[PDB]
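Report on one structure; see the data block that follows.
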Amino acid sequence: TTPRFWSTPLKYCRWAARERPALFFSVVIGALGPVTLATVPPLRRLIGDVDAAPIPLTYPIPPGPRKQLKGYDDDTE
Amino acid sequence: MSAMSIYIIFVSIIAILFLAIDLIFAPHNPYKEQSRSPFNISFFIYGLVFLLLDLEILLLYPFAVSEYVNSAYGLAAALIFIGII
Amino acid sequence: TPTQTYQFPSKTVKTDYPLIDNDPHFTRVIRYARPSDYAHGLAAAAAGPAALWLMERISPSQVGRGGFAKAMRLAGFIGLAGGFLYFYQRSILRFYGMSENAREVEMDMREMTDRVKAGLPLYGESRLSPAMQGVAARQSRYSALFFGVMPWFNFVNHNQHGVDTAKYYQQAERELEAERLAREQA
Amino acid sequence: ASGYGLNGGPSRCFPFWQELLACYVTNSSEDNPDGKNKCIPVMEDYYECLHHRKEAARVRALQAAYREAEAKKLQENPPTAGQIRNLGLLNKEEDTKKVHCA
Amino acid sequence: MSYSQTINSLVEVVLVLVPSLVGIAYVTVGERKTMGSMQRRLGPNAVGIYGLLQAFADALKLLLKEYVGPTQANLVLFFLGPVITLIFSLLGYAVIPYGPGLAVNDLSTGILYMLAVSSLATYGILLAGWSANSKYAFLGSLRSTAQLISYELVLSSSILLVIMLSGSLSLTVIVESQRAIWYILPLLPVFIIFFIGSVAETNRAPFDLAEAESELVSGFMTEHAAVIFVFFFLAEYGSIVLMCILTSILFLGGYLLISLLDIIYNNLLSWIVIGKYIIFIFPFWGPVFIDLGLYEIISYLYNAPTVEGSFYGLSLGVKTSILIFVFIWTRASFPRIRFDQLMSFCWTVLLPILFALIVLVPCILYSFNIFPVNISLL
Amino acid sequence: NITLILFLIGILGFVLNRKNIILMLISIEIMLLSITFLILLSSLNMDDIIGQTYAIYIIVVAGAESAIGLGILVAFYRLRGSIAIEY
Amino acid sequence: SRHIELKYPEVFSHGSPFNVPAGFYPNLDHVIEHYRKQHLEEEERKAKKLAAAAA
Amino acid sequence: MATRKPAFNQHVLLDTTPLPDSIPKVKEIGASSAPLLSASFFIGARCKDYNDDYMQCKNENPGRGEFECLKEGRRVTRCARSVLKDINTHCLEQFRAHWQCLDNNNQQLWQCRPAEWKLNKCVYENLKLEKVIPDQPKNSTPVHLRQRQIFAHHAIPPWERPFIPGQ
Amino acid sequence: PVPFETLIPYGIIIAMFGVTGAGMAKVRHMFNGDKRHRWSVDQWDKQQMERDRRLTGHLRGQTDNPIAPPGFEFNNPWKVXXXXX
Amino acid sequence: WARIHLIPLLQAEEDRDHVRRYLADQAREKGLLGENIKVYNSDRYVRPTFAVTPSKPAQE
Amino acid sequence: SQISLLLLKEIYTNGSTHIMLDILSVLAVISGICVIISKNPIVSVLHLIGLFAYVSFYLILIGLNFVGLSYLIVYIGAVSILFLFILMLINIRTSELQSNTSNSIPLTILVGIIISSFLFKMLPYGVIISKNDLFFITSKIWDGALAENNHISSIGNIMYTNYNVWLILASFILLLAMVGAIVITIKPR
Ligand SMILES: CCCCCCCCCCCCO[C@@H]1O[C@H](CO)[C@@H](O[C@H]2O[C@H](CO)[C@@H](O)[C@H](O)[C@H]2O)[C@H](O)[C@H]1O
Ligand SMILES: CCCCCCCCCCCCO[C@@H]1O[C@H](CO)[C@@H](O[C@H]2O[C@H](CO)[C@@H](O)[C@H](O)[C@H]2O)[C@H](O)[C@H]1O
Ligand SMILES: CCCCCCCCCCCCO[C@@H]1O[C@H](CO)[C@@H](O[C@H]2O[C@H](CO)[C@@H](O)[C@H](O)[C@H]2O)[C@H](O)[C@H]1O
Ligand SMILES: CCCCCCCCCCCCO[C@@H]1O[C@H](CO)[C@@H](O[C@H]2O[C@H](CO)[C@@H](O)[C@H](O)[C@H]2O)[C@H](O)[C@H]1O
């Protein structure tokens, strides 16, 4: 009566959607996460939705030698 | 003092008082006057499957409050950890 | 020249051949695989399913009607699994210097120099943080060596690969100076 | 030693550990047996940072000197807590002068 | 700080506990009045002018009742047992915010606090059922404990999905994050699972058949122990109210009122300094609002600390009350579910869906660059 | 110092136990709560998060031994009908 | 051997990247020059070995 | 003293001993927490070089940077004193309007935009300084300039306009 | 018809939630110096309030003066504890 | 970015205070015990973990 | 002239008494004593639920909320519940578990001295840090307080990336405790 996945793959999927809905659509939703990772991000870069730069979580020290400032000295105090 | 401390003591006072009305005001009569059956194994399974899954979800709560730093690399590891359990 | 080609402390392993990369990206590992690598992976992959069928004929399991078909599926997945790991591990040991890699040193030198002259980052651009790039790199450096216990693959564009990248820049400079003279000559 | 602290930042005694790792790796090899003898004082500082025994010993004598050095000298007028709590405040100049004995 | 901390500590604790206790008393009157309108009868309408004293007489009657429970071989357990069940009922209210930061304890791990106090509920259903002496009833207290632990996984695993969106376990931050949208809208199926899980967690009908079957097998020799005690009734009603406030904190606005002051800004464009306040709308005219009498007074009262706090708590109250209705409506609408069937619902339907959504949600938040920052913002 | 005392309690549960295989189950967990508790208090002292994490993984392995331990004790009781040790 | 060679010399790159106070991390270019010399010497040995034995 | 968060602190230890005369003295910044946030973007428009030099000197000299970087710190507290001095000289009303707003708004910047925009108007006119937030996304309006703030507790009236430098 | 009697208890609960939020917002207002209270306070916000106390004496006090008053240099509070560390 | 433009001023004030109390404690020791005891074998400044305190608080 | 060092109390941003730690130590000890002396295994597990609570509060009191709350959720929440199930279903004759405890007093005396005298030397100085008494001192930092993280966010920043191998092993230990405990208890089908 109830089908067999490896004999009739499409026919099992209809029975499982109808007869085991919570179980079937659990595996469906779980697969959508792997799909959404694969699909939206490239399409986002196609439409020009650039990912935001990361926010600073430490003091942003610039690279290179020190600039040799002149100003705001003890005499100015 | 802190607020959390005064709050527990307050509830503790109220919980004692309802004892006091009962022990003071309710009447108190002094007169206060063996087999084996197998227990079902499903009771054990309820506690065990809870104990393990509850430990498993606990291990994911740090991920939800650290997502921005974890980013893609953290997601992949958490996906692997979610997949195994 | 970035004035710092060795930017991170890296482990030197005693091997018989030149190191191309501590941590090759997955596509570079695939892209450098020689056609023998494909024969060997397929050969190993078919072996687990064929070993299982061989055992059933010589020493039958006496199982019920559908049991062997179920087992054939599982032995088949393990064969595709072990077969791909062996194919990948065969290609990536030339990167590590643990296999004769004369061919891939030339293919590495050309591409990495062709990237320098194109202005490209030598190892590509990472969406991950410089700090997450350093975590990724420490996890995958020489990790195909632990494949029999744990599977890991590099899918991050970090710039920590264990090699002093002065040579790629040096060879780009010497190649640019060669082409410029030819254009000036004619 | 890990490099990760409670507040999301680095660990307090991680600089000492790297100062100890750098010493051992750049002064000791198989060519030189005693090169690791420069790591001894560097290792002491690492063990001090984690445990604080020598600082505890130092601040336990210095505190015993001061407490009986300020136990026998004459006291003129000890500033009350309320006076200290008004120190440096823009409308309590009188209290600050009393605190600093200027 | 302007006055002493202990005074401030005392006023906030009294301001939360006395309204909460009076409210937990009116949910009991309300559940008998609501079930009577749906059952075409009346609720209590005689003890007090509108039955508004029914909770009071019920509680004082039980307090004055004799208690004949076993005091032998367990004196502390009979007396000091249920008392702290009532403490574990009220200890969750100390993290409820009645406006931004307006909580007894503003806790960063506020969510993990209410997950700890909830796992202590299992002891107040386990231990009380340990007093009754009847073999089949004792196993019914274990089955009720089994229902609570299973539906706690439902709640904690589905609370996880809200934390992913907010980035924080602070109840204030979780509500403030909903200024963009209420979590019922994007996490619709998570909300329903949480509400269903929250009925099963409270042991409420239609998930109460395990504790229901005790009364049917009592026999002709022994009886129950929850008899003269109002504790396990205030522990029960207060856990229902608390599961309604937390359900509102997570999926409805919390204390967020949809502000109409934004709408009036968009519609109105004819600002007038003479106080006319003309509006550029089709039903508009030239209003005669009194600048000296009304506008000066109205503007000040809107910015008052008392008024704005009042609306934040009337919002949270209106939302908790709507959910209190949906618990009472659920008890009056369905028959009971058998224990094996509720167990199948939790373990083979609900939790599979939840673990499927635990995969999918962070995957979408990564795909649309929407992982929130987990530093103290908001 | 509390960590060492609570370790002794777990040890002494093994010293005074001739009949309780359940107290042997219990004292192993008291010993685990000492060692986790000691790791945690030293982590606060050194500003290290790895001590906190190591505590977490001790707590997770500790629960798993309880499942395996109470599961095996169930398998034993089914055929025995008693957890008692004749002595 | 009385000398230990780190199996993981990449612990010199360890440390939190957040809430870093200025001056907290040590200047470890003397370390990186050690490892640079080690990689260059080993590259030379093999170079000198499979090029002088390939003829 | 140690940077550890305290759990059972009940007392404060003050040292009235003065800094030695060898080290040049500097008048300290006297603005409170909310005045500093209002003037925060102005300060880093002007003192960024001094602010970055001070943090670089400390990075250059590990474990010894509280000492040996003392001249640079005095340079930062003079640059910031000149911004705080300049804002009071020209924008006192707009400045106090904004920082007193932030006092009652959890010092959250999105909660006082009408006051900030007016201060940005006055500081740009009077001191030619401009609030810039670095590395902001490119496909949308800057958050500090949006007519609508989603997380604001009170709505921004439409007639309150964001300050664009030049319109 | 609408059975407003059954609706009376619900209105009571809404009035109680209103009174808690009403009365708690005002006690905090006065406690914080007749200014709105702070909410999600981290280590930075707490230290910022401590320096506010240093300049004014009140944790919520605010002053825009460019120069700190004399004595400000020595009022920096170093906390002392007996046990935890 | 608003806390970054303030981090150097706030740190500079703390650093002067860390120098003040360290130089004061070194002097307080030289008079009290006659010399200095070295707790670390490096010139690094370690933020103190223990302090010398009076035996009594203010009367209050 | 006046004493340069000044000690005064903290009016509002104060903290907790250290007295509570000495109380919570005492009850933890007292609770632990009753675990290994109680006749009834039900009662011993209750004294265990008490001990786990006191240790949980001790940790919350010293700042370790997430793990202190984790102990609450995990031990009292779930482990002791599984212990209560089994102990309230197994038949227990409370006199067959009772052994002559008075004999083992001398061996309690002996092993208490030897373990205590050795292991205490192994502990570090910071743990045994608690008449001139040393006071611990703390001060503020600004560069390190830019974006402070709660302990659970700090654990999360590294739990899934840098030390993720520990997560793999733990996932497999929990997975083994699922399969193994199910396979040794239930009758299949
Ligand atoms: C925890 C806070 C401190 C405790 C507060 C509560 C104190 C409770 C004790 C005082 C009230 C005692 O309550 C009262 O007890 C006595 C004795 O048991 C009962 O007395 C009853 O039994 C006694 C037995 O000797 C008879 O002689 C007596 O005639 C009869 O009335 C009362 O029916 C009961 O109402
Ligand atoms: C009773 C004792 C039991 C001992 C159990 C362990 C025994 C281990 C035996 C295997 C030792 C290694 O055996 C080795 O296998 C690898 C497999 O690629 C091969 O080694 C080869 O590796 C790569 C190619 O892959 C070549 O570049 C390399 O030059 C060559 O050595 C050789 O076949 C053999 O040198
Ligand atoms: C104030 C703090 C708490 C102190 C104690 C307060 C009293 C607690 C018990 C009363 C609260 C309501 O409790 C609930 O009452 C209703 C009657 O209205 C009962 O309902 C019962 O009678 C109704 C009458 O129509 C039937 O439809 C229903 O089938 C039957 O079970 C419920 O069985 C009981 O659970
Ligand atoms: C997931 C986050 C959760 C946050 C909120 C957590 C709140 C936890 C509060 C626990 C308070 C006690 O919890 C509550 O106890 C009472 C008394 O034991 C139980 O109530 C029990 O006794 C009453 C009679 O008095 C019965 O009508 C009820 O059917 C029965 O189950 C409730 O079923 C339980 O929910």
Side-chain angles (χ1 to χ4, degrees), chain B residues 18, chain C residues 15-17 37 40 86 89-90 93-94 96-101, chain E residues 21-22 24-36 38-44 54-63 81-82 84-93 95-96 111-129 141 144-145 147-148 151-159 194 197-198 200-205 207-208 210-212 214-215 225-226 229-247 249-250 328 331-332:
Chain B
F18 287 161
Chain C
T15 77
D16 286 5
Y17 304 100
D37 297 340
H40 282 88
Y86 175 58
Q89 185 177 3
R90 183 176 175 87
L93 283 186
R94 314 198 189 91
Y96 290 175
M98 317 203 169
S99 296
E100 197 273 339
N101 53 354
Chain E
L21 282 188
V22 301
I24 301 165
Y26 280 103
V27 177
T28 78
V29 178
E31 189 221 36
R32 301 165 58 171
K33 295 205 70 68
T34 312
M35 228 160 274
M38 293 183 286
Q39 287 160 356
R40 306 280 306 265
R41 48 169 188 94
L42 298 175
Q54 183 59 262
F56 279 51
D58 291 343
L60 179 66
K61 191 208 57 181
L62 285 182
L63 274 178
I84 72 158
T85 303
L86 174 60
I87 313 175
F88 288 162
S89 180
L90 306 181
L91 262 186
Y93 284 79
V95 296
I96 319 302
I111 288 307
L112 281 173
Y113 178 66
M114 272 168 325
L115 277 183
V117 299
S118 182
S119 51
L120 297 164
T122 58
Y123 286 100
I125 280 306
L126 196 53
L127 292 185
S141 74
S144 49
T145 305
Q147 167 192 162
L148 255 66
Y151 279 96
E152 183 61 20
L153 294 175
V154 166
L155 294 192
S156 60
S157 179
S158 61
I159 275 176
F194 192 82
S198 80
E201 185 66 25
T202 44
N203 228 26
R204 278 267 297 194
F207 294 93
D208 67 319
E211 66 95 45
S214 199
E215 71 205 357
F229 302 122
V230 290
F231 282 71
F232 285 131
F233 269 129
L234 198 63
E236 181 204 2
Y237 277 88
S239 75
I240 293 172
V241 181
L242 190 54
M243 278 289 189
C244 295
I245 313 174
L246 180 58
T247 307
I249 291 299
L250 295 166
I328 297 161
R331 185 164 102 97

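Just follow the structure's listing: the first ligand is 1, and inside any ligand the first atom is 1. Numbers restart at 1 for each chain; the letters A, B, ... are given by sequence-line order, proteins then strands. Basis for what follows: all heavy atoms, side chains included, without hydrogens, waters or symmetry-related copies.
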Does any non-hydrogen side-chain atom of [Y] lie less than 4.5 Å from one of [X]?
X       : Y       : value
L148(E) : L126(E) : no
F232(E) : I125(E) : no
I24(E)  : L90(E)  : yes
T85(E)  : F231(E) : no

With only distance considered, is [X] within less than 3.5 Å of ligand 4 through an N or O on each side?
X       : result
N203(E) : yes
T85(E)  : no
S89(E)  : no
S239(E) : yes
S118(E) : no

### Message
With rounding to the nearest 0.5 angstrom, report the CZ to CZ distance, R32(E) to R41(E).
### Response
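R32(E) atom CZ to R41(E) atom CZ measures 8.5 Å (nearest 0.5 Å).
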
Check: How long is the gap from CD1 on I111(E) to CD1 on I249(E), to the nearest 0.5 Å?
Finding: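 Output value for this atom pair is 8.5 Å.
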
Are any of the N/O atoms in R41(E) less than 3.5 Å from those in ligand 3?
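Yes: some nitrogen or oxygen of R41(E) is under 3.5 Å from one in ligand 3.
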
Check [X] against ligand 4 and report side chain, backbone, both or neither, counting heavy atoms closer than 4.0 Å.
X       : value
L115(E) : side chain
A226(E) : neither
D208(E) : neither

Where do [X] and [Y] come nearest, in terms of heavy atoms and distance?
X       : Y       : answer
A235(E) : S89(E)  : O-OG, 3.1 Å
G92(E)  : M114(E) : O-CG, 4.2 Å
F194(E) : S158(E) : CD1-OG, 3.3 Å

Which of the numbered atoms in ligand 4 are under 4.0 angstrom from any heavy atom belonging to [X]?
X       : answer
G124(E) : 18 (O)
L246(E) : 2 (C), 4 (C)
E152(E) : 1 (C)
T202(E) : 32 (C), 33 (O), 35 (O)
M114(E) : 2 (C), 3 (C), 4 (C)
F233(E) : 24 (C), 25 (O)

**Asked** ligand 2: which residues have a non-hydrogen atom closer than 4.0 Å?
**Response**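 Contacts of ligand 2 under 4.0 Å: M98(C), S99(C).
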
Just by modelled atom types, is the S141(E) backbone N or O under 3.5 Å from a matching donor or acceptor in the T145(E) side chain?
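It does hold such a pair.
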
Next item on the list: With sequence neighbours excluded, tell me which residues meet side chain to side chain contact (heavy atoms under 4.5 Å, CB included) with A116(E).
Entry: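 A116(E) satisfies side chain to side chain contact (heavy atoms under 4.5 Å, CB included) with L69(K), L72(K), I73(K) once adjacent residues are dropped.
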
Within the structure, is a non-hydrogen atom of [X] found at a distance of less than 4.0 Å from ligand 3?
X       : answer
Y237(E) : yes
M35(E)  : no
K33(E)  : no

* I would like to know whether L62(E) and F233(E) meet side-chain contact (heavy atoms from CB on, under 4.5 Å); could you show each step before the answer? => CA-CA 11 Å; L62(E) 285 182; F233(E) 269 129; 4.0 Å; yes

ask   = Do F88(E) and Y123(E) make the cut of ring centroids closer than 6.0 angstrom?
value =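 No, they do not, as the ring centres are separated by 6.0 Å or more.
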
| query | With a 4.0 Å cut-off on heavy atoms, does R204(E) reach ligand 4? | reply |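 For ligand 4, residue contact (heavy atoms, under 4.0 Å) with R204(E) is absent.
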
Which residues satisfy the side chain to side chain donor-acceptor pair (under 3.5 Å) test with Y237(E), sequence neighbours excluded?
->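 Here the qualifying residues are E31(E).
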
> Taking only residues two or more places apart in sequence or in another chain, which ones pass side chain to side chain donor-acceptor pair (under 3.5 Å) with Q147(E)?
Replying inline: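 For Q147(E) the side chain to side chain donor-acceptor pair (under 3.5 Å) partners, ignoring immediate neighbours, are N203(E).
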
### Query
Looking only at side chains, do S118(E) and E152(E) share a donor and an acceptor under 3.5 Å apart?
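Yes.
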
Give the contacting part of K61(E) toward ligand 3: side chain, backbone, both or neither, where contact means a heavy-atom distance below 4.0 Å.
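Neither; no heavy atom under 4.0 Å.
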
